[PDB]
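Down below is the structure, laid out as structure tokens.
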Amino acid sequence: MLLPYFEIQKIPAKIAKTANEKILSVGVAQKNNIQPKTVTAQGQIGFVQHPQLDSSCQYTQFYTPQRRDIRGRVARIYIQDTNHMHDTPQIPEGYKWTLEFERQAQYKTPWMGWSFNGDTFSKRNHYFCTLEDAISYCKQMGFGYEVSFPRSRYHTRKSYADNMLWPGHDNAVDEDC
Amino acid sequence: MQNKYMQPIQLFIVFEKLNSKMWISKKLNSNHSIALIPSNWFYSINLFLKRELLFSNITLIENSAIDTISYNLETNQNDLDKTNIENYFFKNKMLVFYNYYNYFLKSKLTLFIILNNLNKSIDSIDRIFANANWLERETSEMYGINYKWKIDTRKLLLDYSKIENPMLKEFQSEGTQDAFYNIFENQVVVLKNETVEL
Amino acid sequence: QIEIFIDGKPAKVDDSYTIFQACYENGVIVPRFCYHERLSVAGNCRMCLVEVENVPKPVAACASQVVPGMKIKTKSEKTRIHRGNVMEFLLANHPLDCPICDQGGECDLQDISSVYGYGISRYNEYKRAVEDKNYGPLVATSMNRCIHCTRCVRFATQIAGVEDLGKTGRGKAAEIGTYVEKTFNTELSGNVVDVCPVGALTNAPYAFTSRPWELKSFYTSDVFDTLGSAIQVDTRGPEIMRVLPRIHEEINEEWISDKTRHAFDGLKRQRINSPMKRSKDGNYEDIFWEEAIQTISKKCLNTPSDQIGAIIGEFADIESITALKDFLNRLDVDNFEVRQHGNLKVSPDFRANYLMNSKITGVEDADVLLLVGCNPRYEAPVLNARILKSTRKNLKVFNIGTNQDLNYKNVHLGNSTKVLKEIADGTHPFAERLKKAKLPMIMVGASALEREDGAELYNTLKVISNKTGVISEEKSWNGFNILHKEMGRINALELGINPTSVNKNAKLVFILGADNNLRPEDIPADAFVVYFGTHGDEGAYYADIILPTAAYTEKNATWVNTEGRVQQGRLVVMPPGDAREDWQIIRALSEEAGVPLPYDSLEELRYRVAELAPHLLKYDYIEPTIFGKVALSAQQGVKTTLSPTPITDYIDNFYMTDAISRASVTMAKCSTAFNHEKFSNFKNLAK
Amino acid sequence: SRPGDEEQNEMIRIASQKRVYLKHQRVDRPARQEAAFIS
Amino acid sequence: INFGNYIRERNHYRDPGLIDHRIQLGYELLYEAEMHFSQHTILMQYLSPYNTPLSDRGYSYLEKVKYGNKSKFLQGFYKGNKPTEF
Amino acid sequence: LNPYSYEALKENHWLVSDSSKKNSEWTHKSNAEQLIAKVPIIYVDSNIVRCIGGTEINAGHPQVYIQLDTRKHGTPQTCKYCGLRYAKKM
Amino acid sequence: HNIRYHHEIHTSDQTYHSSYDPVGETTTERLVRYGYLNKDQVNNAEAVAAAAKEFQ
Amino acid sequence: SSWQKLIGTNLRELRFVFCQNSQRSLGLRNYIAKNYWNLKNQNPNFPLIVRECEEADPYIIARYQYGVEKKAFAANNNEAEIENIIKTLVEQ
Ligand code: SF4
Ligand code: SF4
Ligand code: FES
Ligand SMILES: [Zn+2]
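Protein chains in written order, with the entry's author numbering: chain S4, 1 to 4, 13 to 185; chain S3, 1 to 198; chain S1, 32 to 718; chain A5, 156 to 194; chain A6, 87 to 172; chain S6, 37 to 126; chain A7, 58 to 113; chain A2, 2 to 93.
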């Protein structure tokens, strides 16, 4: 499903706590003013929201003694349709929202020229049926999010009769040279 | 079809306050019935099952859970109706299923429970069925299920000194740590892992 | 509004729909090979045949309009038989080429056969064989795979505007392509590959290297041209493998230019991977970040304020320019140019001063377009295709400047600036031609505004617009447009940097990745140069200090479109070697120089940006402006004297216009194969 | 009856409903955005 | 004190069922530690200091001397986040 | 002739050529290019030739059909599975 | 040379679903819960009959 | 009137940020729409940056030498008080 709760749709305002953000308090206020108040699948303006590391981020399992880098990351939430190479795939795309994490380290170990990831996280993408589900997951796990909204091909009038049209009278003079 | 079948309808006759939603499918055995059960009646329902005649000769065959927060149809998205059981996999945080076999009625019974609370809490039935101890321990450690009134809550298959739920969709199959020998300490340690990718 | 039936479920559609359109809107997928959503309707293949009651013959869904009360049965056995027969005929002569075919894993023939075909063959004869043709280094041909779907012919005729493709012959022996040995040289050429459903036409640079299932895709925007084309980047590990177009319908529609698609391989070579320092004799030594930053900090602390200058590069993002502007303002520096000529004579006071006020889609809305020193065929090929589509729908194009071989018809008003003076002073028929037009539109190329009389040309254009009615509150229309040539200049204008503030004599120059229009006389011989950059073609040879930076695909940044749209460029792979982010380098340098900047992450830098200009925080959006008539008001007593010099363009070689494209191999191959053939001193009078 | 019955019934009712998708939805070309000018 | 720092880092929790689950896990890990089920080099990850060297070996203060008054950003800029050979 | 020249690239599928064929023992880790170049051209009587790369089906490669009626008479063509080259007899 | 029926036409994929109301639910509760009556018009013959006919 | 004839050697930039349609930015919007060219003519080189957003608060940001900024809130300020705010900002 793609098209379907108020709190999940509510985007909290930023509160400055760091000295750097206390310096730029006017910018924080302006960002709070201009950003959309609520997020819905019908929106047109994308936006970036910081992680909310309050009591709500208690459900994450990725805060371990050896890992202090997963919580607080900012994901990307968007719809990835079928590419421009084929029209009728056997498994179609575009029916779900993708949450993606940017790469953190990629190199080639030299003994056999083998590709290695310096960050085991962010290797695979996460899939949700609704945008609200992805935002709720991010709020649960203490993730920020960059939400971008889909672009769709317009509807147009198609007919075979358009291939055979009368050029018009031979006396139609073009005054535009 | 080509065999004697009857629904397990007496269960909802005794429990008069519950809605009844049952399925039969040709993808299952012809004696297999699937029903939907609310979470706040599961312990009483199992108490009724363990002792009621024509149900008492029953055994618990399997237990597990489904993380449906990332469940999406990949093909034939326009062939779904309101009666499909998969229609209950949407917007639901967690699912739990139990499978029993009844010798008197020669029947398979699967019960499905929808967990929609963030802490994933449900009553345990290991005090009714002795099977449920290890099964529920493994389910709880794999999927983060919080079982209440359980005989034993210790980890069953996971490594010592670790807290993780590897069977959630958010978890990558390579984990977050690797085990190496440390010369400076003459013993094995765990470190953040860098892994090859194909 | 009529009611039809699709597999028993009633539905309501419009009477102008085809069966295919109704089925797709109602969620029903119909296989197809020759129908395309942007080309004309053809019915040559028959894979979209469906079954309808009271109609004995199967009806082609794509080429047949809906009838009130009709019933379409796409799940009947008759439809299955029709699809199986058509698939059998399609595969009778297809070659056994899937292992060697670049279409494998994403071939529509393969998937359609697997899902709808009978699943086995009975044809046991010789297949036809076709000799391959040579179309150039961008398109590879394997013509045994062609199914005669006409998609390439229709794309070339109706989208690219070139008439070199066709179908010659008859029956089974007919062949698709040019009759003679001729290359398929054009911008947007590679797009035809994406149109062809089979491996008949393939991406020649992307030959044999990769498979679809071993790629990860990212959504981003292009910077090679000032249109922010929406693109998809496909990578395998740390290597970027290909670039594909996306769908936007307000930018580039479905299509990308060849430079956008192929010049990305210039990021794999000539890269700067570590900080460097140059000796007096010219020797370059690799150094640490700490030493370089300390050297530049000592220079900043010792150099007087009036001797400090900067150059803003072509590929400069909002964050980098914000960082550099804040740091140099802290250093009491307000000059961001040292070059004597080539500066844009536009005030950054208002957004309407330097932007495309009618947006990219405005070419569809206007009826008269006037280009002034603009060559859309090279500066924005997708916008050129849009203008061609509009001219097929009653759009008239007039041109002042160099006559160009646009694929449509344009009227040459003149060559020099005397035509503009005649129009502004009246007594020229084009003034009345503009007045009688419903929505006049003027597009001045940015290049013509770096003339020594760029301000006078700007004032003349404002006078012409206000007098004719290009800008008018009655029509609620703003037809004044500027087509820029650099993304960094657009970002600097958006932040508020005056491009005409030039330091005459600077002893310390920060070159933020600028390589175009750089000559040794611009930089004094006794100056200290710090170049921030990713490539070593130019600028890196002027620099005492070289600091490696991140490309557009290697950082999370914000880019402003030439029409005013704010977009996210997203990180795809980290910068190679020891390179660092631009704003991170500037912040580290500011901290080491005793004037630290109040931001430590991208979020705080964006808070500073919101302090400067809030509209840069709205992504994939254009902020409206209500000061168009105030900004473009014809001021009294301003100079309007123009030099009697012809107005030209700025592009000679389309394939190589910047450092990344200059460091590309496929761009060099395209130059070698196409520059001699595309060069002409005369107009093609056919078009 | 038990206190938690109502939530269970509500989540049962929510699950079964028509599920349309964002794609396959008709989007027309928007009209020209007329420019507004201050006095 | 180190384990108290761990608990303090888990202070923001507000779901009682989650807290009961965590208490069960803590009791389990403590029992594993007290019966030699786990290895000392593995279980020491919960008792180790957060910003202090261990007492059984020496420590290096090189990055303290070179990056004396520099902020955290500058320290993380001079020391990269990826290998530099590739 | 310069391998980077226009003519050499145009007559080599727009690839930089190697007449010695000895770059492939390092780049492609084998000497197969030399060995296949050691095989002369096969002259066929008809206009079309069928290649399977062996004496029987499943011993070789899938059946492919190569056109020998070229724009320039007698231009040899190469099988895309096996490196064998064919031309129409006279 | 016969290829039209290499793929199965009939397959064992049928599923059958049964849904029941609560057994202990009375007629009045069923009428009220289904939006054919309100709590005020309970214990009235005309309201019960109208709700029953509307349900039927 | 003499204050706007010359811009002080300490002032470097006057940036105006407000809303397109909100009643809060009504005074600043009208002031910019009436007195922009009067200031621009007397100081043809001095930058006067105007940026607007959908819900931005009205601000008059004055920048001085060495990167010193002084941002003043200009909400619900009519023509005279906007005049006075700008005069005081260009006076320090
Ligand atoms: S075009 Fe290529 S992948 Fe596609 S079916 Fe034909 S040979 Fe196979
Ligand atoms: S070469 Fe390909 S795209 Fe062109 S007409 Fe043939 S099958 Fe269609
Ligand atoms: S898709 Fe309809 S005839 Fe080709
Ligand atoms: Zn062969």
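Built from N, CA and C at the ideal position, the CB exists for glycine as well.
Shown here for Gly89 (chain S6): same chain residues with a beta carbon closer than 7 angstroms to its own, the five before and five after excluded, namely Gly96, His97, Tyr117, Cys118 in chain order.
Boundaries for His58 (chain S4): no beta strand (DSSP E) harbours it, and the DSSP string shows neither H nor E there. Inter-segment contact for the region 50-65 of chain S1 and the region 80-92 of chain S4 is absent: fewer than three beta-carbon pairs are separated by less than 8 angstroms. Taking 9 angstroms as the cut-off, the beta carbon of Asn88 (chain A6) is found closer than this to the beta carbon of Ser134 (chain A6). Using a Cβ distance threshold of 9 angstroms, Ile69 (chain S3) and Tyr145 (chain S4) count as a contacting pair. Of the heavy atoms belonging to ligand 3, at least one sits nearer than 8 angstroms to the Cβ of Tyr66 (chain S1). In its chain, beyond the 5 residues on either side, no residue has a beta carbon closer than 6 angstroms to the beta carbon of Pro87 (chain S1). The DSSP assignment places complete beta strand (DSSP E) segments of no fewer than 3 residues inside the region 17-80 of chain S4 at 55-57, in order along the chain. Using a 10 angstroms sphere on the CB of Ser44 (chain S3), the tally of other CB atoms stays under 16, which defines it as exposed. Taking the Cα positions, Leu107 (chain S4) is about 12 angstroms away from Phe249 (chain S1). For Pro407 (chain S1), the secondary structure class from DSSP, reduced to helix, strand or coil, is helix. Spatial neighbours of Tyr147 (chain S3) in its own chain (CB-CB distance under 6 angstroms, excluding positions within 5 residues in sequence) are listed in chain order as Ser124, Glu136, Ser140.
Taking 8 angstroms as the cut-off, the C-beta of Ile84 (chain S6) does not count as close to any heavy atom of ligand 4. In this structure, DSSP gives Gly144 (chain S3) a state outside helix and strand, which the three-state scheme calls coil. Within the region 521-535 of chain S1, contact with chain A2 at the beta-carbon level (separation under 7 angstroms) is assigned to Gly527, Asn529. As computed with DSSP, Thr172 (chain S1) is found in a beta bridge with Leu232 (chain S1). Under a 10 Å Cβ-count criterion, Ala142 (chain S4) is classified as buried, with 16 or more other Cβ atoms of the shown protein chains found around its own Cβ. Annotation for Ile33 (chain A2): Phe17, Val51 place their beta carbon closer than 7 angstroms to its own, counting only its chain and skipping 5 residues before and after. Along the region 88-116 of chain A6, going in chain order, the ones with a CB nearer than 7 angstroms to a CB of chain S4 are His98, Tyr99, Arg100, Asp101, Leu104. Here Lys39 (chain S4) is buried: its Cβ has 16 or more other Cβ atoms, across all protein chains shown, within 10 Å. At least one heavy atom of ligand 2 lies closer than 8 angstroms to the C-beta of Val184 (chain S1).
Interface annotation for the region 158-191 of chain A5 against chain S4: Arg174, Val175, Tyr176, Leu177, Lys178, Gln180, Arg181, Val182, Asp183, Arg184, criterion Cβ-Cβ distance under 8 angstroms. Across the set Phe129 (chain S4), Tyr13 (chain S4), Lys45 (chain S4), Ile19 (chain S4), the C-alpha of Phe129 (chain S4) shows the shortest separation from the C-alpha of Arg75 (chain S4). Chain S3 has a Cβ within less than 9 angstroms of the Cβ of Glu118 (chain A6). For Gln187 (chain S3), the neighbours in chain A6 by C-beta distance under 8 angstroms run, in chain order, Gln125, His126, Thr127. In this structure the region 36-54 of chain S1 touches the region 88-102 of chain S1; the number of beta carbon pairs closer than 8 angstroms is three or more. Contact with chain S4 is found for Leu168 (chain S3), since one of that chain's Cβ atoms lies less than 9 angstroms from the residue's Cβ. At least one heavy atom of ligand 2 lies closer than 8 angstroms to the C-beta of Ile178 (chain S1).
Taking CB atoms only, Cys65 (chain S4) has a neighbour in chain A6 less than 9 angstroms away.
Neighbours of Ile86 (chain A2) in chain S1, taken as residues whose beta carbon is under 8 angstroms from its own, are absent, since the nearest beta carbon is some 18 angstroms off. Within chain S4, the residues placing a beta-carbon under 7 angstroms from that of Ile143 (chain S1) are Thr96, ordered along the chain.
Looking at the backbone, the Cα of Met149 (chain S4) and that of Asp67 (chain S3) are separated by about 16 angstroms. About 6 angstroms separates the beta carbon of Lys158 (chain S1) from that of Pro126 (chain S1), a gap short enough to meet the 8 angstroms contact definition.
Take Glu29 (chain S4), set aside five residues on each side of it, and the residues of its chain with a beta-carbon closer than 7 angstroms to its own are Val36, in chain order. Between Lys535 (chain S1) and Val369 (chain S1), the alpha-carbon positions lie close to 6 angstroms from each other. Listed along chain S1 are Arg382, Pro645, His646, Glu654, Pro655, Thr656, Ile657, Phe658, each with a C-beta nearer than 9 angstroms to that of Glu53 (chain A2).
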